[PDB]
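What follows is calculated from the coordinates using simple rules that are stated; it is not laboratory data. Please note: Cβ atoms are built from the backbone with ideal geometry, for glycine as well, and neighbour counts cover all protein chains shown.
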Amino acid sequence: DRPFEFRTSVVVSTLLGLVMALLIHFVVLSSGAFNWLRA
Amino acid sequence: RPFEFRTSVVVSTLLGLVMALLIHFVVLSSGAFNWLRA
Amino acid sequence: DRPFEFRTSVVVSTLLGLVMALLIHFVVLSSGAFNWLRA
Amino acid sequence: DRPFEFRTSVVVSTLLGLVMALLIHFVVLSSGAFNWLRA
Amino acid sequence: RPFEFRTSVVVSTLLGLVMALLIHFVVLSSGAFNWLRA
Amino acid sequence: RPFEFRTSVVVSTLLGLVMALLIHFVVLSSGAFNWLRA
Amino acid sequence: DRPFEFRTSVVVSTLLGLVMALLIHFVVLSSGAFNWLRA
Amino acid sequence: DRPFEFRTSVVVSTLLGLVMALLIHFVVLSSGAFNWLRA
Amino acid sequence: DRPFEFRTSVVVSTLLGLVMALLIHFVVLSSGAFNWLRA
Amino acid sequence: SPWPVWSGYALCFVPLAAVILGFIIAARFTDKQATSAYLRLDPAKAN
Amino acid sequence: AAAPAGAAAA
Amino acid sequence: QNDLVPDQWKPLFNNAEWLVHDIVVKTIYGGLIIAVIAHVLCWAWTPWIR
Amino acid sequence: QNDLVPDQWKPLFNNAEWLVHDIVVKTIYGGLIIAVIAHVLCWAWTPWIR
Amino acid sequence: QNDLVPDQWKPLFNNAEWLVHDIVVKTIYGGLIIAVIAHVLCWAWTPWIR
Amino acid sequence: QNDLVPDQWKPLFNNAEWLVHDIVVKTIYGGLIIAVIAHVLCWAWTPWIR
Amino acid sequence: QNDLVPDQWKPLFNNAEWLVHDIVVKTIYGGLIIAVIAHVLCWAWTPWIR
Amino acid sequence: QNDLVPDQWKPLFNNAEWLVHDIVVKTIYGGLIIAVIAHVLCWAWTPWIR
Amino acid sequence: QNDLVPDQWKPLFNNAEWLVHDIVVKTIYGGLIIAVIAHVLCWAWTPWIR
Amino acid sequence: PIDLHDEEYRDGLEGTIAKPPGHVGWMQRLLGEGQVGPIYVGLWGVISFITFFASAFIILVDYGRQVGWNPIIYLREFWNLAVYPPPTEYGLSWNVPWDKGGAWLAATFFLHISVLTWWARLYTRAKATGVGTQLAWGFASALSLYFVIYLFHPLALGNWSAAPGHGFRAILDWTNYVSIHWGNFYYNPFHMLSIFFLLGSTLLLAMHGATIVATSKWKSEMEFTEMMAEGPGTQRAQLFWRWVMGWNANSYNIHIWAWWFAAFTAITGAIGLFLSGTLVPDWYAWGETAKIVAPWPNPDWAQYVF
Amino acid sequence: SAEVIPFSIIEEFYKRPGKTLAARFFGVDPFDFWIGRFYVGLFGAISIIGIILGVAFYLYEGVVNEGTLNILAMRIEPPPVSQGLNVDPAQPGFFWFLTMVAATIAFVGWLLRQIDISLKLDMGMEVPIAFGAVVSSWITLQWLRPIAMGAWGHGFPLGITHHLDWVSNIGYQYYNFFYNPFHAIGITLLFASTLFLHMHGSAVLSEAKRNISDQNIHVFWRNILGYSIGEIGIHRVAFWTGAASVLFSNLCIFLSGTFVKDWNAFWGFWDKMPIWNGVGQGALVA
Amino acid sequence: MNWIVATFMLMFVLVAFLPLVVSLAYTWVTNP
Ligand code: BCL
Ligand code: BCL
Ligand code: BCL
Ligand code: BCL
Ligand code: BCL
Ligand code: BCL
Ligand code: BCL
Ligand code: BCL
Ligand SMILES: CCCCCCCCO[C@@H]1[C@@H](O)[C@H](O)[C@@H](CO)O[C@H]1O
Ligand SMILES: CCCCCCCCO[C@@H]1[C@@H](O)[C@H](O)[C@@H](CO)O[C@H]1O
Ligand SMILES: CCCCCCCCO[C@@H]1[C@@H](O)[C@H](O)[C@@H](CO)O[C@H]1O
Ligand SMILES: [Mn+2]
């Protein structure tokens, strides 16, 4: 009956958040604007 | 259960996300703004 | 009833933690920032 | 009834421990830090 | 029974044979020992 | 009866034959013994 | 009923003997250690 | 009732004649023996 | 009950003869041994 | 000579003719078998 | 008697 | 169940779908406002038409 | 079933789903606070807009 | 069945699930403490932010 | 069945599973002791952090 | 059936199987003798162990 | 069926499994003795740690 | 069909299985001696350890 | 006299494992069946398993030796590692070093044994139930090309390096190299026949699947009971293809078409590959003498240059 | 229940007038009749016009304009790429264009005709979908890719042996084509399709004229692989795999002249990821 | 390269995938 199950929304939001966190971390690391793990 | 509303909202969300990612990468790789520079 | 099962959440958390630990260890080893395992 | 079966936990723990032992032994062997099996 | 003795025996025998073969191959390929040299 | 004798016989015979063939191949490739040389 | 079958053992023995004969002939004759069919 | 139908004969004859006419026209035009369609 | 049918024999003989005749004619034509259809 | 070599006939044109003729014959026999009279459910009752 | 597979069963 | 949903769109929406649709439109309006503010700030930083 | 769920959200959330939703929203609030602090500290370290 | 589970979480957890959850919680707390100590020691060794 | 199991862990173990569990924990304790000794010996041989 | 088979081997063999077994063992013995002769002849030709 | 098995291990073994288990443990002990001897000989030949 | 098997191995062997087992143990004992002789001869030929 | 329950729920070497069976839900929804297991293990299924894993063990240990026993480089370089046959300086000789061709020889021998015993397993399990032995001969037609690729073509050419390496990228490399060596493979006529039969097989598979799914309201996919008396779905499929093409087939001989179209592919491929090096060393030159190559005197090469 | 029917009753029962697309748009189908065994309609006349014109244009371009009676030595070629997307009756490639256009009409007409027949027998739309996959293959090769590239000279020549020279030259211009991921997916799906076809044919033939039940084949397929798929799922998998094989190959050839120029360089990123770059020494770097 | 025509052609190539996806979704929905 419901348009959306709560389980699907939770799963999709968690997966999207994890993927976005990884993508932003890799883009910022590759840019070279910050020192981070040099040497 | 009708399939129109859920399909419409899913395709709208996917379009919005893809468009935002594409525009952000296009602006980043152009160098017009300072943003993330060495 | 219950949207999620406890077993599924436990399995997902364990797998995610293991993968994350391996990934971070590999990145740090390949970066060359720390002495660690050197000839 | 029961969330986890004991047999599956035993099997998973055994396989994971074996895999980690092999991985760490090969990493340390190929790193070249320790003398071990040389020439 | 939750545990079958036959399965444990078979798994142990296979795992021991595989490990012995692997160790022999690594040790011979190492070149540390004077074993089967032309 | 948990253990069958026929399974033991078949598995042990096959493993012995496989190991004999593998050792013969390895020793022939090594070149340490004269054997089938020129 | 019978734990062991004679027909199966006969078939297996014949196949094994044929395979071994072919393999040994090929291995021995391609080594170049014997003077067989030389122009 | 009868081994052959009149309609099938008419159809086959018409198809064959049309195909043959087109093919002969193309071949005779390609041969170059006649001053038929030249700039 | 007859082992073979006469129709099968006739069809096989006719097909085999036709294929053989065409092959021999075209093999002899391109050999250059006989004058035949020589420009 | 404007003619192909003998292996041109043996390897190219004979297999081509054989494929075309075999397809025609197999199709003819398939259609002859499929459009004959045998056990079927009655279309009037079954529908 | 006549059947789809070409077999004529009784 | 067709309650609190106007009769015009009853052959399309339930009440749960009505609530989800309301949430969606509110989210859209908030996002539009924030996007307008972001574009104004970026223009004040560096204009892209000259 | 629909006991702890408020009357407005009865057609959407079950009894267990309400508790799960509460946990999720509290987690999101905590994550937002931590993200704000992290962004402020990173701007103090090295500004990314010049 | 649901005897030792507190009445707040009864629609979600069972007795066996409650026990396994307690084990998991304690393991996570111990791991967090050890990870904090490891990070402090690694920074004292060589800082990764300069 | 659930006779040798203590009252706390009745909803999770049998007698057979309890015996196998005891064997597993003894093995893990012995392995941990051996591993600690091995790590100390390898550090005394050549330290791996410099 | 089970008439010419010795009493020791009744639960394994039959009449036809016993006859085929005798044929097989005689063939194996003949082949082994021929193989020994062939190996001696080949060694006389060219020794393969040097 | 469980007469030879000691009272402690009745819920896990039969007579047949008990006999097979005894065979296995004796084989493992013999193999361990041989392995210790082989390692001592190999170290006397060439040590693998330098 | 258990009259040739010793009373200790009744829960594991049959008459036919006992006969085949006797064949197998004799074959293994025969093969071991030949293997030992072959290894001694090959060492006398060219040792593989230096 | 076949007891299917006994054939599926027996113990011993001549018996099944993976009992009690399992159930996958998404396979039940998408495919219509969800039960997994039990699976028969016998004598011919234990000889295939052990020999396959012997060959796989040899290949993977040699991969590790090439990488240097480094797991990270092993993961990085996994899809472009390979075990190659001995080079051309050796002939068909087995006196080759282990890292220059011995491992390939051992692993290939074990793979040969495994595929043969798998054929035997298919044959014997077909006879154990009440069905015919048609999958076994289809596998034999498939194995003809396999044995030409790995055994017979190197034998007739005189070297083991004419055979593929064992790797993910090495099979594509073998395809490229073998086409380049012997002229151009596009002008191989049995290559043309093989492509004819492969594309026809894909055409026919798509057609049959679509037409059976389309008429499934009347249970046309129960092809066992349709071969005894045809109902409305089969009649509709017949009328569809008669009104489209002008001729149709049965619920029986369509699967005959399927079997033979799939079988001819491997046989024509085996013949073409075997002829490729031994009788015709150059396929473009042969096609030029056979009048099947177009002249092309003034190409427009601006298409092919950046 | 079942008796002997002579197949004339079968065909006469199922013939009805007017349930096609043209009957739903215009209210009547102008060509709603049968010729022989074939059903003619709208899209059956259009298709036949396209077929006849395409054959005639192909043969005129081959026999005339090239002067060859050898059918395997013809090069029915598009205009040069210097002409752009322009059509000119006074230039060499013109007839190629005509042929191409005619074929498109024929192919598209065929597709629509199938839909009509599917509507006459109250069936699903699976055959039009499976055929539209390969019609889209033709459209991608001959329409979309040349328009994106910018010239009609990027389409394939239509000779029997010469359209393979185009395949060879295009494949070696974007070397290595085996390294194209969509190409690999397409080849995998082709091989799987042929394997599935052989398996289904063998399975149905092995149980045909026998006094057994319908459960023997399930026991057989479960003793060998551990899983039996069913009767609706074998045919569904056939349909889906056959369509996907060419659907994935459309991308491989479209992305060659556009967005990519070299499939060996495409993989240059793989060894540069932070997880494993900078871990080996010697020829084991990168 | 125009890059605007190429994107529309790419969208057509992608929309060629739609009927098979609808077939899979129909099969999933109609078989609960
Ligand atoms: C150098 C070459 C010459 C030339 C030399 C010739 C010669 C020589 C001949 C023609 C003939 C023809 N030429 Mg001219 N022709 C030239 C150039 C042209 C050009 C042009 C634009 O350049 C055109 C349009 C034509 C047109 C024609 C046709 C009117 C005619 C072919 C009849 C036909 O198709 O039979 C096929 C028609 C059918 C309907 C097929 C059926 C025929 C079969 C064989 C018999 C079955 C009949 C059937 C059962 C009857 C049932 C009734 C039907 C259903 C109606 N020619 C040039 C100038 N041409 C032929 C002719 O005069 O025929 C009367 C002929 O012999
Ligand atoms: C110090 C040098 C590196 C660094 C190298 C690493 C490495 C290497 C690791 C981390 C890990 C972590 N780092 Mg760090 N990290 C760095 C800088 C950062 C920065 C930053 C802003 O700079 C942040 C936010 C973090 C954040 C983090 C966390 C995400 C994480 C530790 C918490 C955790 O989840 O594990 C805590 C663990 C638990 C809560 C679960 C408990 C696990 C238990 C202990 C089981 C262990 C298995 C055991 C060995 C088996 C024996 C069992 C017996 C046989 C019975 N790191 C710098 C750049 N970081 C770890 C990680 O990702 O783990 C997931 C990790 O491995
Ligand atoms: C300033 C430099 C660039 C530029 C850079 C960008 C960048 C970068 C972006 C845009 C985006 C937009 N730009 Mg702009 N843009 C420029 C010039 C223009 C011009 C013009 C004529 O000059 C026009 C008409 C536009 C128009 C647009 C719109 C298409 C769009 C804003 C609508 C929107 O996103 O709200 C619609 C509202 C919603 C879709 C609601 C959804 C948002 C909610 C709030 C969710 C947010 C996700 C959030 C992070 C998740 C957190 C979850 C919690 C942790 C739980 N731009 C200049 C040239 N533009 C954005 C876009 O494409 O987004 C789709 C975008 O990312
Ligand atoms: C993974 C390997 C084995 C296993 C290995 C062990 C070992 C070893 C032990 C147990 C113990 C137990 N196991 Mg067990 N156990 C397994 C799987 C299970 C499963 C299951 C569902 O599969 C269940 C229900 C159990 C149940 C149990 C309980 C009967 C028993 C007590 C738990 C407890 O009170 O600790 C709850 C308390 C915690 C979880 C805290 C400990 C975690 C710490 C914090 C992690 C880091 C440790 C490090 C030294 C730091 C400590 C100090 C910190 C800084 C605070 N085990 C698997 C098969 N199990 C314990 C016992 O008493 O044996 C009878 C025990 O020592
Ligand atoms: C490959 C393993 C073999 C096996 C090989 C052996 C061997 C060898 C022995 C047994 C023994 C036993 N086996 Mg057993 N056994 C197997 C599988 C089983 C299974 C099963 C469910 O599969 C069961 C129920 C059993 C049951 C048993 C018990 C009847 C018996 C007592 C165990 C024990 O001492 O508990 C308590 C558990 C321990 C005390 C383990 C502690 C040992 C140490 C700590 C392990 C770590 C080693 C570490 C590196 C060095 C330690 C030094 C430290 C400083 C302490 N075995 C498999 C097939 N088994 C023992 C016996 O006496 O048989 C009559 C015995 O010696
Ligand atoms: C001498 C040169 C080579 C050598 C070349 C060969 C070749 C070549 C062969 C052997 C074979 C054998 N060699 Mg040698 N062998 C060498 C060195 C050795 C050494 C060593 C330590 O040096 C050992 C232990 C062996 C041992 C062996 C045995 C494994 C085997 C003995 C045959 C047998 O079992 O007959 C058992 C009895 C039979 C097989 C009965 C046969 C039944 C009939 C006769 C089949 C024949 C077909 C028929 C006549 C065809 C006619 C058709 C008509 C219709 C009738 N060889 C040297 C290096 N060796 C053979 C083998 O592997 O066969 C299994 C084999 O072909
Ligand atoms: C393996 C190939 C053939 C086969 C070939 C032979 C041959 C040849 C013979 C038999 C013989 C027998 N076979 Mg048979 N047999 C086969 C299949 C079967 C099957 C079955 C159901 O599969 C069964 C039940 C049998 C049963 C039998 C018995 C009737 C009989 C065993 C006598 C005995 O007590 O041996 C127990 C004794 C031993 C096992 C001796 C051990 C051999 C030695 C010690 C090991 C090898 C070393 C080498 C030969 C040199 C020894 C020197 C050492 C340094 C000491 N065979 C297969 C198909 N079989 C024998 C017979 O009929 O003679 C009267 C016999 O000669
Ligand atoms: C540059 C590349 C060359 C080219 C070089 C070659 C070469 C070289 C060959 C082909 C061959 C073929 N080519 Mg080509 N080919 C070219 C371009 C094409 C084009 C195209 C559109 O351009 C197409 C459609 C094809 C198509 C084909 C196939 C028709 C044919 C092989 C099909 C086959 O049966 O494989 C199926 C494979 C098998 C049946 C054997 C392997 C599998 C067997 C059954 C054993 C597997 C069991 C396994 C070990 C078990 C382990 C699995 C476990 C489950 C884990 N080629 C161009 C010209 N091509 C082959 C051929 O047949 O030549 C005539 C061949 O040798
Ligand atoms: C679909 C491709 C494989 C992924 C499998 C796991 C995805 C979720 O799979 C679920 C199944 O777990 C559930 O049983 C059925 C309905 O019975 O619905 C599916 O969506
Ligand atoms: C080809 C892959 C086969 C194995 C798929 C592994 C994930 C299957 O996951 C299924 C779920 O989809 C299903 O809902 C439940 C309940 O029956 O059972 C699981 O095994
Ligand atoms: C039984 C299977 C066929 C056996 C055929 C053996 C072919 C042997 O062919 C070998 C070559 O492979 C070898 O390189 C040279 C060495 O000079 O000598 C030849 O006789
Ligand atoms: Mn079918």
Within segment Q:5-23, the count of residues that are closer than 17 Å to R:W9 by Cβ and loosely packed, with under 15 Cβ neighbours inside 10 Å comes to 2
Could you check how many residues of segment T:218-241 are part of a helix (DSSP H, G or I), without any contact (Cβ under 8 Å) to a residue 40 or more places away in the chain and either within 16 Å of ligand 2 (Cβ to nearest atom) or not aliphatic (A, V, I, L, M) (or both)? 9
Return the residue satisfying two criteria in turn: it lies in segment S:73-124 and is among the aliphatic types (A, V, I, L, M) and under 30 Å from C:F26 (Cα atoms), and of such residues it is nearest to the other protein chains (Cβ to nearest Cβ). S:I73
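Could you list, in sequence order, all residues of segment I:11-27 that are of a type outside the set (S, T, Y) and either over 8 Å from the mean Cα position of the chain (by Cα) or loosely packed, with under 11 Cβ neighbours inside 10 Å (or both)?
Passing the criteria: I:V11, I:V12, I:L16, I:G17, I:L18, I:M20, I:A21, I:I24, I:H25, I:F26, I:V27.
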Kindly indicate whether any position in segment T:196-211 is more than 16 Å from ligand 9 (Cβ to nearest atom), surrounded by fewer than 21 Cβ atoms within 10 Å (Cβ to Cβ) and at positive phi. no
Say we look at segment D:8-36 and pick out the residues that are under 25 Å from E:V10 (Cβ atoms) and among the β-branched types (V, I, T); which of these is nearest to the other protein chains (Cβ to nearest Cβ)? D:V10
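Quick grid of which residues meet (1) within 20 Å of F:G31 (Cβ to Cβ); (2) crowded, with 21+ Cβ neighbours inside 10 Å; (3) in contact with a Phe, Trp or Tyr (Cβ under 9 Å, 6 or more places away or on another chain):
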| site | (1), (2), (3) |
| --- | --- |
| S:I58 | yes, yes, yes |
| S:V67 | no, yes, yes |
| S:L75 | no, no, yes |
| S:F109 | yes, no, yes |
| S:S114 | no, no, yes |
Test N:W48 against the stated conditions and say whether it is of a type in the set (F, W, Y) and more than 25 Å from M:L4 (Cα to Cα). yes
When you look at T:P157, is it part of a loop (DSSP other than H, G, I, E, B) and either farther than 30 Å from T:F25 by Cα or more than 10 Å from every other protein chain (Cβ to nearest Cβ) (or both), yes or no? yes
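Go through chain U and report how many residues are in contact with a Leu (Cβ under 7 Å, 6 or more places away or on another chain), assigned to a helix (DSSP H, G or I) and within 24 Å of T:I147 (Cβ to Cβ).
Result for chain U: 3.
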Counting only residues in segment S:20-36 that are over 13 Å from T:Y227 (Cα atoms) and surrounded by fewer than 17 Cβ atoms within 10 Å (Cβ to Cβ), the one nearest to ligand 9 (Cβ to nearest atom) is identified as S:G25
Here are the criteria: (1) in contact with a helix residue (DSSP H, G or I) (Cβ under 8 Å, 6 or more places away or on another chain); (2) over 30 Å from I:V27 (Cβ atoms); (3) at the interface with chain S (Cβ under 8 Å from one of its Cβ atoms); (4) part of a helix (DSSP H, G or I). Tell me which single one J:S7 does not satisfy. (2)
Output yes when any residue across segment S:112-128 is free of Cβ contacts under 8 Å to residues at least 12 places away in the same chain, hydrophobic (A, V, I, L, M, F, W, C) and either away from ligand 8 (no atom under 13 Å from the Cβ) or farther than 17 Å from S:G45 by Cβ (or both), and no when none is. yes
When T:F269 is evaluated against the numbered criteria (1) assigned to a helix (DSSP H, G or I); (2) at the interface with chain S (Cβ under 9 Å from one of its Cβ atoms), which criterion, by number, is the only one it fails? (2)
Could we say that S:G233 is part of a helix (DSSP H, G or I) and more than 8 Å from chain T (Cβ to nearest Cβ) here? yes
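Residue by residue, here is whether (1) touching a residue at least 12 places away in the same chain (Cβ under 8 Å); (2) exposed (fewer than 12 other Cβ atoms within 10 Å of the Cβ); (3) touching a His at 6+ places or on another chain (Cβ under 9 Å); (4) within 24 Å of S:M228 (Cβ to Cβ) holds:
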| position | (1), (2), (3), (4) |
| --- | --- |
| J:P4 | no, no, no, no |
| J:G8 | no, no, no, no |
| J:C12 | no, no, no, no |
| J:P15 | no, no, no, no |
| J:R28 | no, yes, no, no |
| J:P43 | no, no, no, yes |
| J:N47 | no, no, no, yes |
Considering only segment S:151-161, I want to know if a residue exists there that is more than 16 Å from ligand 5 (Cβ to nearest atom) and either within 13 Å of chain T (Cβ to nearest Cβ) or assigned to a loop (DSSP other than H, G, I, E, B) (or both). yes
Matching residues, segment T:110-145, being surrounded by 21 or more Cβ atoms within 10 Å (Cβ to Cβ) and over 23 Å from T:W240 (Cβ atoms): T:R113, T:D116, T:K120, T:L144, T:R145
Can you tell me which residue within segment D:4-30, out of those that are within 16 Å of ligand 2 (Cβ to nearest atom) and polar (S, T, N, Q), is farthest from O:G31 (Cα to Cα)? D:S9
Among the residues of segment C:1-34, count how many are outside any helix (DSSP H, G or I), over 23 Å from D:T8 (Cα atoms) and of a type outside the set (D, E, K, R). 4
Does any residue in segment C:11-38 that is farther than 15 Å from A:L18 by Cα come within less than 7 Å, Cβ to Cβ, of a residue that is part of a helix (DSSP H, G or I) and more than 16 Å from ligand 6 (Cβ to nearest atom) six or more places away or on a different chain, and which pairs are these? C:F26/S:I72; C:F34/C:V28; C:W36/C:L29; C:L37/D:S31
Name, by its number, the condition in (1) of a type in the set (S, T, N, Q); (2) within 13 Å of another protein chain (Cβ to nearest Cβ); (3) surrounded by fewer than 17 Cβ atoms within 10 Å (Cβ to Cβ) that does not hold for T:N86. (2)
Please count how many residues of segment P:15-50 are in a loop (DSSP other than H, G, I, E, B) and either within 8 Å of another protein chain (Cβ to nearest Cβ) or within 16 Å of ligand 9 (Cβ to nearest atom) (or both). 4
So, in segment G:28-39, of the ones that are at negative phi and surrounded by 13 or more Cβ atoms within 10 Å (Cβ to Cβ), which residue ends up farthest from ligand 7 (Cβ to nearest atom)? G:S30
If you check S:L205 against the conditions, is it farther than 22 Å from T:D214 by Cβ, crowded, with 24+ Cβ neighbours inside 10 Å and among the hydrophobic types (A, V, I, L, M, F, W, C)? yes
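Somewhere in segment T:247-256, is a residue facing chain S (nearest Cβ under 9 Å), surrounded by fewer than 21 Cβ atoms within 10 Å (Cβ to Cβ) and in a helix (DSSP H, G or I)? Before the answer, list the steps.
So the first thing to find is which residues in segment T:247-256 are facing chain S (nearest Cβ under 9 Å), and the list is none.
No.
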